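Structure below is target_0.cif: mmCIF, C-alpha atoms.
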data_protein
loop_
_atom_site.label_atom_id
_atom_site.label_comp_id
_atom_site.auth_asym_id
_atom_site.auth_seq_id
_atom_site.Cartn_x
_atom_site.Cartn_y
_atom_site.Cartn_z
CA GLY D 3 13.48 -25.40 -11.60
CA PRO D 4 14.55 -21.96 -10.28
CA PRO D 5 12.27 -19.82 -8.14
CA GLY D 6 9.52 -17.73 -9.68
CA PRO D 7 9.80 -13.96 -9.88
CA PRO D 8 8.58 -11.64 -7.12
CA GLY D 9 4.92 -11.04 -6.81
CA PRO D 10 3.22 -7.87 -7.99
CA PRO D 11 2.85 -4.81 -5.71
CA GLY D 12 0.31 -4.89 -2.95
CA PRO D 13 -2.69 -2.58 -2.80
CA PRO D 14 -2.52 1.08 -1.78
CA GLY D 15 -2.78 1.69 1.88
CA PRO D 16 -5.82 3.33 3.45
CA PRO D 17 -6.57 7.05 3.71
CA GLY D 18 -4.48 9.06 6.11
CA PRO D 19 -6.07 10.49 9.29
CA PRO D 20 -8.17 13.59 9.34
CA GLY D 21 -6.54 16.98 9.50
CA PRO D 22 -6.43 19.20 12.59
CA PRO D 23 -9.12 21.70 13.49
CA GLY D 24 -9.48 24.90 11.51
CA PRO D 25 -8.02 28.14 12.83
CA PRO O 1 9.16 -30.08 -12.01
CA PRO O 2 8.68 -26.34 -11.66
CA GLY O 3 10.62 -24.31 -9.14
CA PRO O 4 9.05 -22.86 -6.08
CA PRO O 5 6.94 -19.76 -6.05
CA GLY O 6 8.71 -16.41 -6.04
CA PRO O 7 8.78 -14.11 -3.01
CA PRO O 8 5.91 -11.71 -2.15
CA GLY O 9 5.91 -8.56 -4.20
CA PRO O 10 6.76 -5.09 -2.97
CA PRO O 11 4.48 -3.11 -0.67
CA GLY O 12 1.73 -1.06 -2.27
CA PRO O 13 1.99 2.70 -2.43
CA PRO O 14 0.87 5.04 0.38
CA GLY O 15 -2.86 5.63 0.65
CA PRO O 16 -4.63 8.85 -0.28
CA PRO O 17 -4.65 11.93 1.96
CA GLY O 18 -7.07 11.91 4.86
CA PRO O 19 -10.07 14.19 5.10
CA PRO O 20 -10.09 17.79 6.27
CA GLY O 21 -10.33 18.34 10.06
CA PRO O 22 -13.42 20.00 11.64
CA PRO O 23 -13.94 23.80 11.70
CA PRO Q 1 11.08 -24.46 -15.41
CA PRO Q 2 10.74 -21.49 -13.11
CA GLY Q 3 8.03 -21.52 -10.52
CA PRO Q 4 5.04 -19.26 -10.42
CA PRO Q 5 5.24 -15.58 -9.36
CA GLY Q 6 4.91 -14.89 -5.66
CA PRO Q 7 1.78 -13.36 -4.11
CA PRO Q 8 1.09 -9.65 -4.06
CA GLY Q 9 3.09 -7.57 -1.63
CA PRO Q 10 1.49 -6.20 1.52
CA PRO Q 11 -0.70 -3.06 1.55
CA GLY Q 12 0.96 0.23 1.49
CA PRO Q 13 1.21 2.58 4.45
CA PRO Q 14 -1.59 5.02 5.34
CA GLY Q 15 -1.76 8.20 3.36
CA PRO Q 16 -0.74 11.56 4.79
CA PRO Q 17 -2.99 13.53 7.21
CA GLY Q 18 -5.68 15.73 5.72
CA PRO Q 19 -5.52 19.43 5.76
CA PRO Q 20 -6.75 21.74 8.49
CA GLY Q 21 -10.50 22.22 8.92
CA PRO Q 22 -12.25 25.50 8.04
CA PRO Q 23 -12.11 28.75 10.11
#

Go through the file and emit its structure as structure tokens.
Amino acid sequence: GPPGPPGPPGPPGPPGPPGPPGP
Amino acid sequence: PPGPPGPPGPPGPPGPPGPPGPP
Amino acid sequence: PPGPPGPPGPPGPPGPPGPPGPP
């Protein structure tokens, strides 16, 4: 038989890093 | 018999924004 | 017949940096 279709998307990645200090 | 499994899916989307920085 | 779907893709990249902290 032919290959199966691609898998579904992975999970979201994690949160980005914190922002810089305030002014 | 059945074909082999498909390839891994696409990457998940980017994560959420990080937190605010400190004051 | 076709094979099974592949596994889920990898996790996405990290989200963007947070915003600047308070004044």

(Q) So that I can see what lies close to residue 15 in chain O, please list as a PyMOL selection string the residues with an atom at most 6 Å from it, counting all atoms listed in the file and leaving out residues fewer than 3 positions away in the same chain. (A) (chain D and resi 14-17) or (chain Q and resi 14-15)

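For the pair CA of residue 24 in chain D and CA of residue 20 in chain O, the interatomic distance is 8.9 Å.
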
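Residues matching the PyMOL selection byres ((chain D and resi 13) around 12) in this structure come to residues 10, 11, 12, 14, 15 and 16 of chain D; 9, 10, 11, 12, 13, 14, 15 and 16 of chain O; 7, 8, 9, 10, 11, 12, 13 and 14 of chain Q.
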
**Q.** Explicit residues for the PyMOL selection byres ((chain Q and resi 21) around 9) (as a ChimeraX atom specification)
**A.** /D:20-25 /O:19-23 /Q:18-20,22-23

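Interatomic distance, CA of residue 7 in chain D to CA of residue 1 in chain O: 16.3 Å.
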
Could range 4-22 of chain D be completed with N, CA, C and O atoms and returned as an mmCIF file, in the frame of the given file?
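And here's selection06.cif as it stands now:
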data_model
loop_
_atom_site.group_PDB
_atom_site.id
_atom_site.type_symbol
_atom_site.label_atom_id
_atom_site.label_comp_id
_atom_site.auth_asym_id
_atom_site.auth_seq_id
_atom_site.Cartn_x
_atom_site.Cartn_y
_atom_site.Cartn_z
ATOM 1 N N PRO D 4 14.248 -23.100 -11.170
ATOM 2 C CA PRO D 4 14.550 -21.960 -10.280
ATOM 3 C C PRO D 4 13.276 -21.387 -9.687
ATOM 4 O O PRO D 4 12.194 -21.734 -10.128
ATOM 5 N N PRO D 5 13.416 -20.521 -8.712
ATOM 6 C CA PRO D 5 12.270 -19.820 -8.140
ATOM 7 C C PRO D 5 11.561 -18.915 -9.144
ATOM 8 O O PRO D 5 12.169 -18.329 -10.056
ATOM 9 N N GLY D 6 10.253 -18.737 -8.980
ATOM 10 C CA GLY D 6 9.520 -17.730 -9.680
ATOM 11 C C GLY D 6 9.956 -16.331 -9.382
ATOM 12 O O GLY D 6 10.683 -16.105 -8.428
ATOM 13 N N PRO D 7 9.478 -15.357 -10.150
ATOM 14 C CA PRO D 7 9.800 -13.960 -9.880
ATOM 15 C C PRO D 7 8.986 -13.431 -8.713
ATOM 16 O O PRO D 7 8.041 -14.091 -8.205
ATOM 17 N N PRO D 8 9.343 -12.265 -8.194
ATOM 18 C CA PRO D 8 8.580 -11.640 -7.120
ATOM 19 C C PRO D 8 7.152 -11.382 -7.580
ATOM 20 O O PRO D 8 6.929 -11.157 -8.772
ATOM 21 N N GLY D 9 6.262 -11.400 -6.598
ATOM 22 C CA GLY D 9 4.920 -11.040 -6.810
ATOM 23 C C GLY D 9 4.701 -9.586 -7.209
ATOM 24 O O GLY D 9 5.583 -8.753 -7.203
ATOM 25 N N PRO D 10 3.473 -9.283 -7.624
ATOM 26 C CA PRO D 10 3.220 -7.870 -7.990
ATOM 27 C C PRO D 10 3.075 -6.988 -6.773
ATOM 28 O O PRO D 10 2.971 -7.506 -5.647
ATOM 29 N N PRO D 11 3.048 -5.664 -6.888
ATOM 30 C CA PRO D 11 2.850 -4.810 -5.710
ATOM 31 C C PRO D 11 1.540 -5.101 -4.995
ATOM 32 O O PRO D 11 0.551 -5.455 -5.594
ATOM 33 N N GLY D 12 1.562 -4.848 -3.671
ATOM 34 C CA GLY D 12 0.310 -4.890 -2.950
ATOM 35 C C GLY D 12 -0.526 -3.660 -3.292
ATOM 36 O O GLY D 12 -0.128 -2.776 -4.089
ATOM 37 N N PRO D 13 -1.716 -3.665 -2.665
ATOM 38 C CA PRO D 13 -2.690 -2.580 -2.800
ATOM 39 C C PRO D 13 -2.214 -1.316 -2.141
ATOM 40 O O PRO D 13 -1.317 -1.330 -1.274
ATOM 41 N N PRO D 14 -2.832 -0.182 -2.462
ATOM 42 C CA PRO D 14 -2.520 1.080 -1.780
ATOM 43 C C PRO D 14 -2.876 0.943 -0.318
ATOM 44 O O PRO D 14 -3.793 0.183 0.004
ATOM 45 N N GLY D 15 -2.233 1.728 0.560
ATOM 46 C CA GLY D 15 -2.780 1.690 1.880
ATOM 47 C C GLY D 15 -4.039 2.546 2.053
ATOM 48 O O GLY D 15 -4.578 3.107 1.105
ATOM 49 N N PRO D 16 -4.576 2.596 3.254
ATOM 50 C CA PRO D 16 -5.820 3.330 3.450
ATOM 51 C C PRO D 16 -5.629 4.839 3.558
ATOM 52 O O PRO D 16 -4.484 5.247 3.565
ATOM 53 N N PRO D 17 -6.711 5.605 3.588
ATOM 54 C CA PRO D 17 -6.570 7.050 3.710
ATOM 55 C C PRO D 17 -5.859 7.394 5.009
ATOM 56 O O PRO D 17 -5.900 6.751 6.052
ATOM 57 N N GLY D 18 -5.159 8.541 4.930
ATOM 58 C CA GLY D 18 -4.480 9.060 6.110
ATOM 59 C C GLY D 18 -5.497 9.545 7.119
ATOM 60 O O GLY D 18 -6.698 9.562 6.811
ATOM 61 N N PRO D 19 -5.117 9.989 8.307
ATOM 62 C CA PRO D 19 -6.070 10.490 9.290
ATOM 63 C C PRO D 19 -6.605 11.861 8.958
ATOM 64 O O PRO D 19 -6.060 12.575 8.119
ATOM 65 N N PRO D 20 -7.702 12.244 9.566
ATOM 66 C CA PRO D 20 -8.170 13.590 9.340
ATOM 67 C C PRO D 20 -7.160 14.643 9.767
ATOM 68 O O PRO D 20 -6.333 14.462 10.681
ATOM 69 N N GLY D 21 -7.321 15.807 9.108
ATOM 70 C CA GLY D 21 -6.540 16.980 9.500
ATOM 71 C C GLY D 21 -6.867 17.481 10.898
ATOM 72 O O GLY D 21 -7.784 17.027 11.539
ATOM 73 N N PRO D 22 -6.103 18.460 11.376
ATOM 74 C CA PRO D 22 -6.430 19.200 12.590
ATOM 75 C C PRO D 22 -7.613 20.127 12.414
ATOM 76 O O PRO D 22 -8.087 20.481 11.317
#
